[PDB]
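Shown next are two forms of a single protein chain, provided one at a time as structure tokens under the names structure 1 and structure 2.
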Structure 1
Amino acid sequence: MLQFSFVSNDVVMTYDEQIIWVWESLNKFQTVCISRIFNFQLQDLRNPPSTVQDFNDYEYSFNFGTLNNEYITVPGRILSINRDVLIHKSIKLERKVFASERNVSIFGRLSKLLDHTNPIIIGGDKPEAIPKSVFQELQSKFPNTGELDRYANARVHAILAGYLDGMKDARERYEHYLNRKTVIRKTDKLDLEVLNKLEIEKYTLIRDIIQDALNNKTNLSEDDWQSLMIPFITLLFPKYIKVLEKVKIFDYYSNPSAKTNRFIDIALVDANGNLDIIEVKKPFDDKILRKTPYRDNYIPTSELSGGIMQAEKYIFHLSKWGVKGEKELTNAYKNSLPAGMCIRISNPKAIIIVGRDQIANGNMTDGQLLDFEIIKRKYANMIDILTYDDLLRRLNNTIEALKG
């Protein structure tokens, strides 16, 4: 068990499997590795052990780097990475801080992910520092050997279920809907109560399919998740009439010399003919807010702000593309539309479904719910910013409204 301590300014860890073989490797290569992550040198060793004394009584004293400005500074040659790493005194110096399960280096992937040579700072009051609870979240959800075996087992299960009965979970729910359909529809005459029971069964089917996709189909492609969500967009939002995929729009602002082609992934036409955009994003992470507030205000994530800005680029290119774009989109999609209706670009807006919010089971302050409600109406060209749990809550509220 590696034991960490600090003596005055310097930080001297104690290490205690043959100790004599570690000394022979340190004399042989001039470098030694402790637990396949902590690389060390003879200069990092504070004092050499003598061969006369017992090596088992002696504990190995290695320098972990100097402590400066209230920061345990660990250099890059110890962790075999590019930049240094700074740890605050509030994070206890421990083997599990620098290592994941089955000897996976935590900061090696972080150093491979950062282009800038500026150091990684954990904790404290630095402006570029990572907070403490974000670091425990990174330690809990690191892609270690247990996570990467779980991802590979879930993907191979997802590939093999796609080859045999790819939509068997939605087919069972649709067969349950068809069994509930003939029970409700006893007579061929349609009234308002039987219609309300059929809307209850339809919204229950859509809610159960979306919940079963959230439980089991999260380890899919973005195109596969979108192809899961296409046949229910016009039922969740019955204003819109047609779902259009890979809609080629014209961009003139990113390259001023020549027109660039851009592609809206999912686009929506309502009954008047106006074109709108929906962004159905795959729920990779379970947050809609950053887990620490900036200045006691919770800010949106990079995943939320990426989808808003992509939809705003689509809205910008449609509004700049104008009546030439109206004629081009009504020439591209005249056969798919009902007859007599043309595609119009008249102030297009966007719908964003991103990823989960953890409103349920608690774990949210009134300020967090206030920031989430303010953020869902913050933007100009978004008529709806939804999470997947907001979609399930809207479906549930529509179910108990149609019941009563």
Structure 2
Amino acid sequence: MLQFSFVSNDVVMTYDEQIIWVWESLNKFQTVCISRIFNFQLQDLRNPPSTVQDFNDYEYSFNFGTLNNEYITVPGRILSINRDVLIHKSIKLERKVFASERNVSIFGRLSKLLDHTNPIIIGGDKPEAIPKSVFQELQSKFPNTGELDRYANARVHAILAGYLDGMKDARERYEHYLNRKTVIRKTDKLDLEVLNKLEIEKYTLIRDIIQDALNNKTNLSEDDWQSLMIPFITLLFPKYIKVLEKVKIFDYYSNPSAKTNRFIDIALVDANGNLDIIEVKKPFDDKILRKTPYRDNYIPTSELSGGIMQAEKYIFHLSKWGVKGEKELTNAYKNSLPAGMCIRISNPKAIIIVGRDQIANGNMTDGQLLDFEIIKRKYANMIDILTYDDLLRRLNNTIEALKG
């Protein structure tokens, strides 16, 4: 048992059954550990017990550092910490303040975290002091009996969750109790404003170049347009880490007698190594939609349909190539790919950039807008269908979100 009392200048704690070990260890090392949190020298003991007196019969009295300036001063050596600690009179000195549950040295953990050598002060009129109410809040937050039991139940539950059925939901209860506690402070966060500003600077530059190319560049060929957009594709689509050109694939459907080589003009490699196809096509007023609806339904134009068919054919040829194709593609592009990465077909999908939307023009009526959205999601293989005006709108939305 530990009883804490203050007499005049010094504050003395009393250890209250076999205390023979304490005396022996105190003699052996000139230091004993009381409750794993107190380190006292033979000098610290107010009176050494006589070898003739029974150590168990003797009541041990260990002395803390002298209190002054209305603050109890406790030596660093007793807590085995470099910085000494100051405790206010208003807090009643006790073991709960010194140690948390499981004999955790609250002051010791605090000392390791604090790089400054300035002595810790609690509930003091001094500016560098812990608010007493907040210090009590930290004590409540520290793990307590039954919080450890919830963690223990959760750890065993996680190991046998599949193996054992009928086990109580220990993990859910432990997480819920932990969720009520909020270790992090919302005010102390990372602004990340400079990083966001650089992202805006990157998005604006890509948006400005593509917009300028639509406005003034029509002379350049479709292949020249592909080359212009090839650097931007990696930044517009960060999921695809590498861009591959003229990817030869093998055909076993167009000609049964002999394989026919097919060349994907632009292909995309995911960080996972999955393979996707991107089709870049010359922008036109209406290369994405027709002029007259069929049977009261707007339909995709020959240009868009042909572009979807080209990408669909390449995906179909890759799906047939399967594992053999991945090995051939991996060996051909191993240097291009980051080391430890292999191309995997993984059900290839296609990204299409055809024409410019008339929504910006305002020519498209609400019924046309509905059909335009449906044409965009009509094909599963074409995960995303985009128009150059739509791509600019997506860039504008991303820039606005970063700005806000």
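Definition used throughout: the rigid core is the maximal C-alpha set that superposes within 1.5 Å between two forms. Throughout, residue numbering runs from 1 along the sequence of structure 1.
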| property | result |
| --- | --- |
| Candidates 248, 324, 259, 116 - which moves between structures 1 and 2, C-alpha at least 2 Å, core fixed | 116 |
| After fitting the core, residue 48 CA displacement of 2 Å or more between structures 1 and 2 | yes |
| CA of residue 132, rigid core aligned, shift of 2 Å or more between structures 1 and 2 | yes |
| Residue 185 C-alpha relocation of at least 2 Å between structures 1 and 2, rigid core basis | yes |
| Residue 142: CA movement between structures 1 and 2 [superposed on rigid core, Å] | 80.3 |
| Residue 287 CA shift between structures 1 and 2 in angstrom, with the core used for superposition | 3.9 |
| Angstrom shift of the Cα atom of residue 202 between structures 1 and 2 (superposition on rigid core) | 0.4 |
